[PDB]
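In what follows, a single structure is set out as C-alpha cells and then discussed.
Bear in mind that the values in this text are calculations on the coordinates, not laboratory data. Please note: Cβ atoms are built from the backbone with ideal geometry, for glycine as well, and neighbour counts cover all protein chains shown.
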Amino acid sequence: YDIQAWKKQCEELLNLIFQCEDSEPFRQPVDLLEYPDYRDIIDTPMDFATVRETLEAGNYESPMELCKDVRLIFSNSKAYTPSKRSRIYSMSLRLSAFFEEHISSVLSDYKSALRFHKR
Ligand SMILES: COc1cc(Br)ccc1CC(=O)O
Ligand SMILES: COc1cc(Br)ccc1CC(=O)O
C-alpha cells in the first residue's frame, strides 16, 4: 500500500522504453525542420524525454498524469501518420502495447494504496 511506489516503477518502465529500438522516434521532440507541417496537425507535442524530465522534476502528482502524457505520444503518432502501415506509426503501436501491459499494475497498485489510505 505504498502511495509513492509508482514513481520508481515509472522510472524503471521509462528505462525499458528508452532501451528498445522502437522508442527512437519518440525519445526527443519531433524535429520540426524534417516535418515542417507537424504543428499544423499536432496541438501538443510530447516525447519520452519530456515525460521522464517531468517525472524527475516532481511535476507528476500521480501515475495517471504520466499515463496521459505517454498516451499523448501515441495519439500524436496516430494523428500525424499518413498511413496506418507507416514505419514510425507501427513502432508506436508496439511500444503502446508494451506500455499498456506494464502500466496497468502501476495504476492499480497506486489506486489501491490511495483507497487503503482513505480506509
Ligand atoms: C514521432 O513523430 C512522428 C510520428 C509519426 Br507517426 C511520423 C513522423 C514523426 C516525426 C518523427 O519521426 O519524429
Ligand atoms: C521495452 O520494449 C519492449 C521490451 C520487450 Br521484452 C518486448 C517488447 C517491447 C516493446 C517494443 O520493443 O516495442
When you check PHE98 against the structure, is it touching a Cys at 6+ places or on another chain (Cβ under 9 Å), within 15 Å of ligand 2 (Cβ to nearest atom) and part of a helix (DSSP H, G or I), yes or no? yes
In the list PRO63, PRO45, which residue meets the criterion of being in contact with a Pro (Cβ under 6 Å, 6 or more places away or on another chain) and either without any contact (Cβ under 8 Å) to a residue 60 or more places away in the chain or away from ligand 2 (no atom under 16 Å from the Cβ) (or both)? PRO45
Counting only residues that are under 21 Å from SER90 (Cα atoms) and not in a helix (DSSP H, G or I), how many does region 10-53 have? 15
Region 102-119, residues that are part of a helix (DSSP H, G or I) and either touching a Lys or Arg at 6+ places or on another chain (Cβ under 7 Å) or of a type in the set (D, E, K, R) (or both): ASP109, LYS111, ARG115, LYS118
State which residue is surrounded by the fewest Cβ atoms within 10 Å (Cβ to Cβ) when the search covers only region 32-77 and only residues that are closer than 20 Å to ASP109 by Cα and of a type in the set (A, V, I, L, M, F, W, C). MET64
Evaluation of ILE73 against (1) in a helix (DSSP H, G or I); (2) over 15 Å from the mean Cα position of the chain (by Cα); (3) within 11 Å of ligand 1 (Cβ to nearest atom) (one fails), failing number: (2)
